[PDB]
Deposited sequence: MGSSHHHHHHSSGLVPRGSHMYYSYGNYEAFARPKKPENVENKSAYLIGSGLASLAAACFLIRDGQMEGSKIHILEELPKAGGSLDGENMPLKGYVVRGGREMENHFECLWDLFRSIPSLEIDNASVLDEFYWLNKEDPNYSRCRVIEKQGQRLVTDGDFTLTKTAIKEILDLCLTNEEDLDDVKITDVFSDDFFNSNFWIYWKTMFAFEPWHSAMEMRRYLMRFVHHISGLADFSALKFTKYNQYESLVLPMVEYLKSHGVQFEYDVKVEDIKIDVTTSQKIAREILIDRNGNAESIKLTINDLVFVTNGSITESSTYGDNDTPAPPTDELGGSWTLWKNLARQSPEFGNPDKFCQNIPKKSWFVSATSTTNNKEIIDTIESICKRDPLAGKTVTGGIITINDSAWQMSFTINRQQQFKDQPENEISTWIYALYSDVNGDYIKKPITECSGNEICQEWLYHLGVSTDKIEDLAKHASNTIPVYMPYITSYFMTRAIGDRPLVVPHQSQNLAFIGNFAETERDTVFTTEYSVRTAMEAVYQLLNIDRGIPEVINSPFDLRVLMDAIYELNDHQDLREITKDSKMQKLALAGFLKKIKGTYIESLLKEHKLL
């Protein structure tokens, strides 16, 4: 029971309070962006009191994003008073509005798409095919080598971190959608403050083991949850009125950290979100297949990201003389963007240019050495500048490319599954209609759809334009 809608009629309309909310409670696994968004939607649109919403936390203690700006309309900002988050964002965007190769030289064909006619034909072919017919299709299964040599492909694969073995459905969604102050500080903190103002319960030191579901021929109910509250394995019972919102899968789980002298160790340890999705998938076929995302990830995929902080003047002067920025000729496909800068290498199991080791075996100083080499900096003063004038902290994400893995319909469970009474899935791994993963709008849209379907809120979810 939901419907998509557009325009100012359904944007500003406040829905009526759904029936029987006052006897309903909410339990939300995780405290990610989608979880906090769902909590805020339950507080505002669903009118659910703060005492009945529980947020379980593991650790102790662009303009056309319709769902995102719908959510961040009643969320007050924390820096300037009598204003919201969208208010600050709009004011900041109205007050204050690329590729290098051969060690520093800017690309001469910058700005030009350099798309041949056959590449434009293949782009139209990918866009015009149905999503149902693109099940389990790689990027290399739809494009020829003419397109992979174009500068447009370089921009697309660096801006969105795509790979030739990624999902064709998600690239089609990206092409459809994008045809025309990080998130933690700007978005997560205001929602935390708003939820704490409304008195949402936050339970820490909670590791959710699994959720016992019962599946009948007519309706499916989340019957019970086994969690690990502060080390004690215990159980919380559920009714049909006690809704459950699971953020299945996590792209930042099992992320090992490195330092400036040792490399970050690779790992394949499945985390709490992945184990919970696996346990849920054992109960019913329509809960998605986690193994299509968390298993058999190619070793050439993006795994390591580094951050380089420096106060040295001459590196900054070199960067200013140069000018996101992409090293086109690097074997690692290194791309760095803006003090402290952020570096990520796409290919992982390929030897580097200046240091002939893969990014998995390279420590922070080695990454800094090769990034300085590709910046056009001389090879004489390179070593001391990289080792001592700057600090490079790597981090190895083993699941940072899981949302872009090839999927079929049913690999991602629906936001509220068929015949589900009180169980919903949110985050980047919930199947929705015509929205691009790895964006805040995706997580917010999943949270809103979950809340609106579970509570039967009669207000149109803004459709994707």
**OP:** In sequence order, name the stretches of the deposited sequence that have no C-alpha in these coordinates.
**Re:** 1-19, 81-103, 140-144, 228-242, 386-398, 414-426, 554-611
